[PDB]
Every structure is written in structure tokens, then in C-alpha cells.
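Note sheet for the following structure.
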Amino acid sequence: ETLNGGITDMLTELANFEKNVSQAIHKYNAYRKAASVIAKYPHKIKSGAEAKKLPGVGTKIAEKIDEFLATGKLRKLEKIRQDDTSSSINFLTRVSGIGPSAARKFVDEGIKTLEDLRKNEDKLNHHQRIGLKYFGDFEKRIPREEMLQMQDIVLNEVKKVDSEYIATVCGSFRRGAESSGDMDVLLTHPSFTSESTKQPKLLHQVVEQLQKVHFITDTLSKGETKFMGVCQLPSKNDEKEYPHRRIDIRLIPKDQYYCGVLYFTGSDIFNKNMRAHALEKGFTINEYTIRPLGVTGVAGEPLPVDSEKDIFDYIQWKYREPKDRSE
DNA sequence: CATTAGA
DNA sequence: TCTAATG
Ligand code: NA
Ligand code: NA
């Protein structure tokens, strides 16, 4: 957690590089396992060899360990950190809709700078274009202050459109976090569940709504179960407008809410833990359901839920407020 | 790990 | 169709 961090962090530095600049899934996958194990390791790594004993830690990595242990630096790292091309890819990648595949492709073409992108807004697709369009706004955090204003609006329409709607703004937001990245609206409705052959307009109705009013200003992607967009707070009697923000909505079968809701609310750890807990308590929990375990090895049978509570009960736990969903 | 674009 | 990009 700190006793072997540099090693791990250098490792991840390395790893990530292979994945992105180079197209070396393997090496990249190497660095990651290695970083994982060493990370586990209960002692201070003092040398390659000691490291090397490790599973996944070969001669390659060990080698880097020593050089780093010796000189608190690495060349390959130092070389890469320098490398314009590689620096370039790490950056373009920040543009929403820009992957590494694209990042290289763009570079090769010679698009390195943000402006480069602008000069050629044509070589970019709608997603990427909007990505670029709102680059600055997409990088800025979301004050809960705004979260509250945002949430409030979304809820208001949802209800206005159909009273039978169920929405939940999951995430950190939900976990009481002071700020957030983008807003996540978990959606469902009774006329939709596991079997009931859809009702795409169920999704569509709302979206239209939020656009209607002008909260949604753009669509990244819209499918029959997941809308990916950008929204905006109504720049008051201005002198102050609002940054453009990422927003996502997803329709859900009412018979799978709380689970998802459980799940999207997190935290990353709280889940796992809550997840490990169900296992002992004779269960299984995943993004959609909770199913009683059967000794034979595995087992099915999706237990009926009506609130985050049911799930809790099932594994016989303490209701944990979103607030304290921290781990 | 699944859901969307696009080509 | 596959393949990429987001979460
Ligand atoms: Na080994
Ligand atoms: Na990106």
C-alpha cells in the first residue's frame, strides 16, 4: 500500500505504456499481474531476485526493479516520459470518444495538438466532435451544489412525463460526495421487466423530455436502453452560464432495480465486500440479481426484491446508508 | 462486460 | 460483421 508503491507505480507506468502507445496487450498484461502480486507482498522488496521469486515476476521486470531500486529512476520510463509521440497519445486520448486506436491513428496522420483536432474536425465523428466541443467542460468536476439542481430537474420531468417512473441518481453523488464527474440516472418503470418485451419509447419519452426543456443539449449515443449525453444548467439572469456535463440514463426492468441500484451506488469496495458477504451467507450478487447458492457447487433462482433493504436482509446485513457505503 | 456507433 | 469506445 506504500511499502511497495514505487515498484508498483513504476510497473503500472510501464504497463500502461505498452497497452497505449505500443499495441502490446501481453507485456501490458505482464506489468499488471506483476504489479498486482508485488503489491500483495508483505515485505519490502529489496532486490530483483527477491522480487523475482514472485509469480509473474520474471527476469524482465526484476531487471527494472533493480535499476529502480538502485537509482530512484528508470531510463525506459525517463525516455517514454520524454517521447513526444507517446506523450501525444496520452493526451488525445483525453478527448471523449478518443481511444488509443484512434490516438495513434490521429498522430500518425499528424494530429497531436488539440488545435490539430480542430483544424480537422472532419476527421472526427459526432461523439469525438462533441468530445472536443466540450473538452474543458468535460474535464471539470461536478459540484454537488449543481448535482442537487441537476437531479431536481431530471426528477421533475421524469415525473411529469409518466408518474409511473422510477429514477435514481446513483454514484458518489448518492454516496453524499461533495463533487462528482458526471451524473448517472438509474431508470426503470413497472411496465418493464425481465420478460415484458421492452418498450423503447419508455427510454425515449424521457429523453425527449429533458431535451424539450433543454437540459439535454446533445446526444453522444442513444440506444433503446442507454442514452449517453451532455446537459446544462440554465444559465440564470446570467453573468454566469454553466459548464456542459456528461450525463447518462439507463432503462431497467423494474425487477432488477435495487440490484443495479445497489451496485451502481457502490463504493467499489462496499460492493465487493457486500458481495463476498452474500457468499458466506449462502448467496450470489451481481449487477442484476441475487440468487441463493446451492451446495452442488453453483445454484440459480433469482430472489424477489422491492428495495435496497431486501438485498440487505437476504444476506442478513445492517442497512447501510448510501452515505456510509464507503467500503 | 454490455451496450452503441460506425464502417 | 467486427471493432472501438464508454461505463
Ligand atoms: Na518466478
Ligand atoms: Na478519450
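We label chains A, B, ... in the order they appear in the C-alpha cells, count residues from 1 in each chain, and number ligands from 1 in the order shown.
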Up to 9 Å from chain B, what residues of chain A turn up? Count only C-alpha atoms (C1' of nucleotides) and give them as a PyMOL selection string. chain A and resi 127+221-223+225-226
Each chain C residue no farther than 12 Å from ligand 2, nearest pair in Å, only C-alpha atoms (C1' of nucleotides) and all ligand atoms, as CSV:
residue,atom,partner,partner_atom_place_in_ligand_line,distance
C:4,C1',ligand 2,1 (Na),11.2
C:5,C1',ligand 2,1 (Na),7.9
C:6,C1',ligand 2,1 (Na),8.9
Chain A contacts to chain C at 12 Å (only C-alpha atoms (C1' of nucleotides)) as an MDAnalysis selection string: chainID A and resid 93:103 127:128 171 182:184 220:221 226:229 246:250 264
Next, the residues of the selection above should be written as a PDB file, in the first residue's frame with N, CA and C atoms.
ATOM      1  N   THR A  93      -6.162  11.064 -26.172  1.00  0.00           N
ATOM      2  CA  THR A  93      -6.955  10.083 -25.534  1.00  0.00           C
ATOM      3  C   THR A  93      -7.946  10.689 -24.563  1.00  0.00           C
ATOM      4  N   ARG A  94      -7.621  11.881 -24.048  1.00  0.00           N
ATOM      5  CA  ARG A  94      -8.482  12.585 -23.094  1.00  0.00           C
ATOM      6  C   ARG A  94      -9.736  13.111 -23.671  1.00  0.00           C
ATOM      7  N   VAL A  95      -9.713  13.217 -24.988  1.00  0.00           N
ATOM      8  CA  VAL A  95     -10.867  13.705 -25.660  1.00  0.00           C
ATOM      9  C   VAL A  95     -11.881  12.619 -25.623  1.00  0.00           C
ATOM     10  N   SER A  96     -13.075  12.937 -25.188  1.00  0.00           N
ATOM     11  CA  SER A  96     -14.054  11.886 -25.141  1.00  0.00           C
ATOM     12  C   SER A  96     -14.321  11.382 -26.524  1.00  0.00           C
ATOM     13  N   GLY A  97     -14.289  10.072 -26.651  1.00  0.00           N
ATOM     14  CA  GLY A  97     -14.522   9.361 -27.894  1.00  0.00           C
ATOM     15  C   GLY A  97     -13.203   9.010 -28.517  1.00  0.00           C
ATOM     16  N   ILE A  98     -12.121   9.364 -27.847  1.00  0.00           N
ATOM     17  CA  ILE A  98     -10.845   9.070 -28.391  1.00  0.00           C
ATOM     18  C   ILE A  98     -10.173   8.007 -27.659  1.00  0.00           C
ATOM     19  N   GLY A  99      -9.975   6.939 -28.343  1.00  0.00           N
ATOM     20  CA  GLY A  99      -9.299   5.822 -27.788  1.00  0.00           C
ATOM     21  C   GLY A  99      -7.856   5.913 -28.227  1.00  0.00           C
ATOM     22  N   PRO A 100      -7.107   4.828 -27.949  1.00  0.00           N
ATOM     23  CA  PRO A 100      -5.675   4.688 -28.283  1.00  0.00           C
ATOM     24  C   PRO A 100      -5.515   4.323 -29.716  1.00  0.00           C
ATOM     25  N   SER A 101      -6.506   3.597 -30.196  1.00  0.00           N
ATOM     26  CA  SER A 101      -6.518   3.173 -31.539  1.00  0.00           C
ATOM     27  C   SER A 101      -6.581   4.407 -32.382  1.00  0.00           C
ATOM     28  N   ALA A 102      -7.502   5.256 -31.956  1.00  0.00           N
ATOM     29  CA  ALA A 102      -7.671   6.490 -32.656  1.00  0.00           C
ATOM     30  C   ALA A 102      -6.483   7.442 -32.421  1.00  0.00           C
ATOM     31  N   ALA A 103      -6.077   7.514 -31.148  1.00  0.00           N
ATOM     32  CA  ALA A 103      -4.984   8.339 -30.736  1.00  0.00           C
ATOM     33  C   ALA A 103      -3.774   8.113 -31.604  1.00  0.00           C
ATOM     34  N   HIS A 127     -19.455  11.856 -31.759  1.00  0.00           N
ATOM     35  CA  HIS A 127     -19.038  11.669 -30.375  1.00  0.00           C
ATOM     36  C   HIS A 127     -17.822  12.515 -30.100  1.00  0.00           C
ATOM     37  N   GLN A 128     -16.744  12.134 -30.800  1.00  0.00           N
ATOM     38  CA  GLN A 128     -15.459  12.817 -30.676  1.00  0.00           C
ATOM     39  C   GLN A 128     -15.534  14.341 -30.830  1.00  0.00           C
ATOM     40  N   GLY A 171     -24.388   6.559  -7.869  1.00  0.00           N
ATOM     41  CA  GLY A 171     -22.997   7.036  -7.819  1.00  0.00           C
ATOM     42  C   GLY A 171     -22.508   7.643  -6.474  1.00  0.00           C
ATOM     43  N   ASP A 182     -19.788  12.865 -13.527  1.00  0.00           N
ATOM     44  CA  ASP A 182     -20.895  13.013 -14.398  1.00  0.00           C
ATOM     45  C   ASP A 182     -22.095  12.448 -13.738  1.00  0.00           C
ATOM     46  N   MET A 183     -23.251  12.909 -14.110  1.00  0.00           N
ATOM     47  CA  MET A 183     -24.414  12.370 -13.485  1.00  0.00           C
ATOM     48  C   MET A 183     -24.995  11.136 -14.186  1.00  0.00           C
ATOM     49  N   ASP A 184     -25.310  10.127 -13.315  1.00  0.00           N
ATOM     50  CA  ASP A 184     -25.868   8.808 -13.593  1.00  0.00           C
ATOM     51  C   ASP A 184     -27.337   8.540 -13.088  1.00  0.00           C
ATOM     52  N   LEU A 220     -24.705  11.684 -27.286  1.00  0.00           N
ATOM     53  CA  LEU A 220     -23.437  11.046 -27.584  1.00  0.00           C
ATOM     54  C   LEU A 220     -23.808   9.788 -28.324  1.00  0.00           C
ATOM     55  N   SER A 221     -24.787   9.131 -27.723  1.00  0.00           N
ATOM     56  CA  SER A 221     -25.375   7.898 -28.186  1.00  0.00           C
ATOM     57  C   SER A 221     -26.728   7.634 -27.513  1.00  0.00           C
ATOM     58  N   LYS A 226     -30.032   2.741 -23.131  1.00  0.00           N
ATOM     59  CA  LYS A 226     -28.966   3.566 -22.638  1.00  0.00           C
ATOM     60  C   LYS A 226     -28.681   4.767 -23.497  1.00  0.00           C
ATOM     61  N   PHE A 227     -29.011   5.897 -22.923  1.00  0.00           N
ATOM     62  CA  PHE A 227     -28.814   7.201 -23.533  1.00  0.00           C
ATOM     63  C   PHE A 227     -27.482   7.692 -22.981  1.00  0.00           C
ATOM     64  N   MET A 228     -26.589   8.290 -23.800  1.00  0.00           N
ATOM     65  CA  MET A 228     -25.278   8.817 -23.328  1.00  0.00           C
ATOM     66  C   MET A 228     -25.220  10.260 -23.792  1.00  0.00           C
ATOM     67  N   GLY A 229     -25.284  11.219 -22.865  1.00  0.00           N
ATOM     68  CA  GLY A 229     -25.254  12.573 -23.359  1.00  0.00           C
ATOM     69  C   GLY A 229     -24.408  13.606 -22.619  1.00  0.00           C
ATOM     70  N   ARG A 246     -21.503  15.651 -18.750  1.00  0.00           N
ATOM     71  CA  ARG A 246     -21.831  14.304 -19.146  1.00  0.00           C
ATOM     72  C   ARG A 246     -22.998  13.811 -18.372  1.00  0.00           C
ATOM     73  N   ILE A 247     -23.819  13.067 -18.990  1.00  0.00           N
ATOM     74  CA  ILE A 247     -24.989  12.557 -18.326  1.00  0.00           C
ATOM     75  C   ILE A 247     -25.395  11.232 -18.977  1.00  0.00           C
ATOM     76  N   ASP A 248     -25.815  10.318 -18.130  1.00  0.00           N
ATOM     77  CA  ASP A 248     -26.237   9.025 -18.583  1.00  0.00           C
ATOM     78  C   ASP A 248     -27.465   8.469 -17.882  1.00  0.00           C
ATOM     79  N   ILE A 249     -28.326   7.949 -18.720  1.00  0.00           N
ATOM     80  CA  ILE A 249     -29.560   7.334 -18.311  1.00  0.00           C
ATOM     81  C   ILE A 249     -29.654   5.925 -18.841  1.00  0.00           C
ATOM     82  N   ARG A 250     -30.232   5.062 -18.051  1.00  0.00           N
ATOM     83  CA  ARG A 250     -30.375   3.685 -18.472  1.00  0.00           C
ATOM     84  C   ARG A 250     -31.680   3.080 -17.987  1.00  0.00           C
ATOM     85  N   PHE A 264     -24.555   0.198  -8.668  1.00  0.00           N
ATOM     86  CA  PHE A 264     -24.066   1.463  -9.224  1.00  0.00           C
ATOM     87  C   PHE A 264     -23.731   2.467  -8.168  1.00  0.00           C
TER      88      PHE A 264
END
Distance limit 6 Å, reference ligand 1, atoms considered: only C-alpha atoms (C1' of nucleotides) and all ligand atoms. Which residues make the cut? Give them as an MDAnalysis selection string. chainID A and resid 52:58
For residue 137 (chain A), list every protein, DNA or RNA residue within 7 Å, evaluated using only C-alpha atoms (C1' of nucleotides), and leave out those in the same chain fewer than 3 positions away; present the list as a list in words. residues 134, 140, 243, 244 and 245 of chain A
Please produce a file of the residues just selected, as a short mmCIF file (atom, residue, chain, number, x, y, z; two decimals), in the first residue's frame, where the atoms kept are N, CA and C atoms.
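Ended up saving to selection25.cif:
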data_model
loop_
_atom_site.label_atom_id
_atom_site.label_comp_id
_atom_site.auth_asym_id
_atom_site.auth_seq_id
_atom_site.Cartn_x
_atom_site.Cartn_y
_atom_site.Cartn_z
N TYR A 134 -16.69 20.10 -26.01
CA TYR A 134 -16.73 20.38 -24.60
C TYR A 134 -15.56 19.93 -23.82
N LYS A 140 -13.82 19.14 -16.01
CA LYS A 140 -14.13 19.74 -14.71
C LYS A 140 -15.14 18.93 -13.85
N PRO A 243 -21.14 24.95 -17.10
CA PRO A 243 -20.33 24.05 -17.89
C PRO A 243 -21.17 22.95 -18.42
N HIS A 244 -20.80 22.38 -19.61
CA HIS A 244 -21.55 21.27 -20.27
C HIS A 244 -21.11 20.05 -19.60
N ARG A 245 -22.11 19.21 -19.20
CA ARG A 245 -21.81 17.99 -18.48
C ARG A 245 -22.31 16.65 -19.02
#
Based on DSSP run over this structure's backbone, return all residues of region 10-117 of chain A in helix (DSSP H, G or I), as number ranges by chain. A: 10-20, 25-40, 48-52, 59-70, 75-82, 84-92, 100-108, 114-117
Considering only strand (DSSP E) as DSSP defines it on the backbone, what residues of region 74-292 of chain A qualify? List them as a PyMOL selection string. chain A and resi 142-143+166-169+179-180+183-189+216-222+226-231+245-253
Deliver the residues from the most recent selection as a file, using C-alpha atoms, as a short mmCIF file (atom, residue, chain, number, x, y, z; two decimals), in the first residue's frame.
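The result, stored in part_23.cif:
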data_model
loop_
_atom_site.label_atom_id
_atom_site.label_comp_id
_atom_site.auth_asym_id
_atom_site.auth_seq_id
_atom_site.Cartn_x
_atom_site.Cartn_y
_atom_site.Cartn_z
CA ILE A 142 -19.41 18.46 -10.69
CA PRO A 143 -20.19 20.42 -7.57
CA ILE A 166 -38.70 5.46 -11.02
CA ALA A 167 -35.41 7.32 -11.12
CA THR A 168 -32.39 7.23 -9.10
CA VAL A 169 -29.30 9.24 -9.27
CA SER A 179 -18.29 16.59 -6.17
CA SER A 180 -18.73 14.21 -8.98
CA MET A 183 -24.41 12.37 -13.48
CA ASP A 184 -25.87 8.81 -13.59
CA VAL A 185 -29.64 8.29 -13.75
CA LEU A 186 -30.76 4.69 -12.98
CA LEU A 187 -34.06 4.21 -14.59
CA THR A 188 -36.99 1.75 -14.59
CA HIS A 189 -40.66 1.54 -14.78
CA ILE A 216 -30.03 17.74 -22.70
CA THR A 217 -28.17 19.52 -25.31
CA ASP A 218 -26.66 16.71 -27.11
CA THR A 219 -26.71 13.09 -27.66
CA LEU A 220 -23.44 11.05 -27.58
CA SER A 221 -25.38 7.90 -28.19
CA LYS A 222 -28.83 6.82 -27.72
CA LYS A 226 -28.97 3.57 -22.64
CA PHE A 227 -28.81 7.20 -23.53
CA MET A 228 -25.28 8.82 -23.33
CA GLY A 229 -25.25 12.57 -23.36
CA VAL A 230 -24.45 16.14 -22.28
CA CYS A 231 -26.63 18.51 -20.21
CA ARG A 245 -21.81 17.99 -18.48
CA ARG A 246 -21.83 14.30 -19.15
CA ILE A 247 -24.99 12.56 -18.33
CA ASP A 248 -26.24 9.02 -18.58
CA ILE A 249 -29.56 7.33 -18.31
CA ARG A 250 -30.37 3.68 -18.47
CA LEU A 251 -33.66 1.98 -18.58
CA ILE A 252 -34.10 -1.01 -16.32
CA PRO A 253 -36.55 -3.79 -15.80
#
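Taking CA of residue 288 (chain A) and CA of residue 200 (chain A) as endpoints, the distance between them is 19.3 Å.
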In Å, how far is it from CA of residue 280 (chain A) to CA of residue 293 (chain A)? 9.4 Å
Non-local contacts of residue 117 (chain A) (10 Å; only C-alpha atoms (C1' of nucleotides); under 3 positions in same chain excluded) as an MDAnalysis selection string: chainID A and resid 92 95 106 110:114 120:124 128:129 132
